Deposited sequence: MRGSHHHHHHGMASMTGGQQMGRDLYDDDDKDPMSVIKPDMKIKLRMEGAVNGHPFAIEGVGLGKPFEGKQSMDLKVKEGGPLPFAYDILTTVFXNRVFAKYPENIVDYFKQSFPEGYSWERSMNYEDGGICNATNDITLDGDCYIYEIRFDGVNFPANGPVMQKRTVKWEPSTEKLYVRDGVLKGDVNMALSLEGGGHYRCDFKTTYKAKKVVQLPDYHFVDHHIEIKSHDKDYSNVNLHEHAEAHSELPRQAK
C-alpha cells in the first residue's frame, strides 16, 4: 500500500482575486486514516494579500478523511496514480471562486498543483474588508455522476460583526485510473487556521474530516 499512516504534503497555489495575482506555497503532514492534517503556508507573490485568507483554506485533499470500512474510499484507491478536483465556490453576495488541484504522489509525499481564481467580490464585502473569522464545521454530501465523484457542501464563514456569510461549494473529483465508485455518503469537516502572522504571510492550517454513511 502506498498510503502510509503518516504522510507529507507539498503544494503551490497560483491564482488571482478580483484580477490581482498572488502565489502561495506549503509544506505539511497528515494521518490519512485518521482524517487529520496540518500545514504551514507561505505567501510567495502578491503579498500582502488584500482579501480574506479564509477563502483559500479549503483549497489547500479528501485522502485526508477517515473512511470506515463500510464505505468505498474513492480517494485512497486512486493512488499511487492520484486524482484531481475542480470546484466552484459561490458566495451569497456574488463573489465566485473557481479552483483546481491535481494531486500526485512522490514516495510518501502528496504533491499539489493548485490554481485559484475569484471574481466579483464587492469592495465593501466581508472578503475584501477582511471581516471573516473562520469557517464553521460542515458536512459534505458526496454522490456519483457520470462515472465520477461529486461533492457539495453548504459552507458558512462567521463574521466579526456577527452573523454568517454563506457560500455553496460544488466539487468534482476525478481519479487518474479506474477505481470502485462509492454510494451516496457524507464527510464531516472542520478546518481551522491555528496560527498566522499579521498579514497572513505565514499560516498554520489544520483540518479534521471523517466520513459516514448514515444520518438521523
| query | finding |
| --- | --- |
| Sequence ranges absent from the coordinates, based on the deposited chain and numbered from 1 | 1 to 34, 95, 252 to 255 |
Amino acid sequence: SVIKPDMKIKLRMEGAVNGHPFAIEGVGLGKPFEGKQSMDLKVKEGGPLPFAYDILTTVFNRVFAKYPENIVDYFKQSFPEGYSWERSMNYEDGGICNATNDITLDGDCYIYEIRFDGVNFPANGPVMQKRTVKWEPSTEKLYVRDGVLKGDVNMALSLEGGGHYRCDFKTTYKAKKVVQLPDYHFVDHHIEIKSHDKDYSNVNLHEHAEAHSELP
From here on, numbers count along this sequence of modelled residues.
query: Per the entry, higher mean C-alpha B factor between 78 to 86 and 92 to 100; finding: 78 to 86
query: Mean temperature factor over C-alpha atoms, higher-scoring stretch between 127 to 135 and 103 to 111; finding: 103 to 111
query: Which of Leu181, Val153, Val59, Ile191 ranks first by CA B-factor in the deposited coordinates; finding: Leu181
query: Most elevated Cα B-factor in the entry, residues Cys167, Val187, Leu149, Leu29; finding: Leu29
query: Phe64 - Cα temperature factor, lowest/middle/highest third of chain; finding: middle
query: CA B-factor placement of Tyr53, once the chain's modelled residues are sorted into thirds; finding: lowest
query: Chain third (lowest, middle, highest) by recorded CA B-factor, residue given as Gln37; finding: middle
query: Chain-wide C-alpha B factor ranking for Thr172, given as lowest, middle or highest third; finding: lowest
